[PDB]
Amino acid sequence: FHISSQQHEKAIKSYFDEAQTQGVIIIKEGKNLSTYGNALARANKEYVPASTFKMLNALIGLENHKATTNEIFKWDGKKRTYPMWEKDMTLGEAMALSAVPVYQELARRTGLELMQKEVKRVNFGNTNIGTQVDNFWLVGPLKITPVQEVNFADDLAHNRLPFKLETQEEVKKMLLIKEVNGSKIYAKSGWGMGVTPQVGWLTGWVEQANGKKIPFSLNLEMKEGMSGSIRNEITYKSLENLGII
């Protein structure tokens, strides 16, 4: 509270500087958006959502009865990119493992026509899914800005998306990634590997002990031989530096 704004800005900038990348973290407090990091002009640029799209894919599939939260999506027995994905799992387990095949199956069940209408109805990013129902969030044409991502998180955190309360609660349940002091962090990571440069995301919110929710979206460039966990590490250091956790 005695810490100056200049010092907070310099500290958060230094976390991106030390990771040797370029990025931002946008923090929302009520209606006010604060942009931190070492590349502030990223805030209104469009990037593929990559696996952050699982949040919406889940809302859509549950709302439209394409799956339930208890349903087991069977592994087809084919080799996957990660061994951890070679198993049968729920949507919730697949969210935590970020198992793309499960979410591609969900997207196929939803189908292109319904997916396009639902993405349009929620006004997510540029709202364009093109003609390929199973990869539109990974390689384009769907794009979204870091400001749009944090505003999406804010909407979900406060149950303002146009889905049933229950549907929003089911998906939020799936997004708990960390508890620190009395605070819970709900978020989804994203890593656009099929585009150049690659984009890294961690979008979510903090629920504080008192019940206040502070949405955030980290957005940065993922570089060759960078670990996925740098997204989490920069996020947790930034939130701690600002006294949010």
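Residues carry their position along the shown sequence, with the first being 1.
Trainee: Is the mean CA B factor in the deposited entry higher across 85-93 or across 116-124?
Mentor: Mean B over CA atoms: larger for 116-124.
Trainee: Pick between 33-41 and 176-184: the one whose mean CA B-factor in the entry is higher.
Mentor: Result of the comparison: 176-184.
Trainee: Highest Cα temperature factor in the entry, among the options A209, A58, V48, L202: which one is it?
Mentor: Out of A209, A58, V48, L202, the record gives the largest C-alpha B-factor to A209.
Trainee: Rank-wise, by C-alpha B-factor, drop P197 into the lowest, middle or highest third of its chain.
Mentor: Highest third - that is where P197 ends up once the chain's C-alpha B-factors are sorted.
Trainee: Considering only modelled residues of the same chain, in which third does the CA B-factor of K13 rank: lowest, middle or highest?
Mentor: For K13, the deposited C-alpha B-factor lands in the lowest third.
Trainee: Looking at the temperature factor on the CA atom of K54, which third of the chain's modelled residues does it land in?
Mentor: For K54, the deposited C-alpha B-factor lands in the lowest third.
Trainee: If you rank every modelled residue in this chain by C-alpha B factor, which third holds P101: lowest, middle or highest?
Mentor: It falls in the bottom third of the chain.
Trainee: If you rank every modelled residue in this chain by C-alpha B factor, which third holds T131: lowest, middle or highest?
Mentor: CA B-factor rank for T131: highest third.
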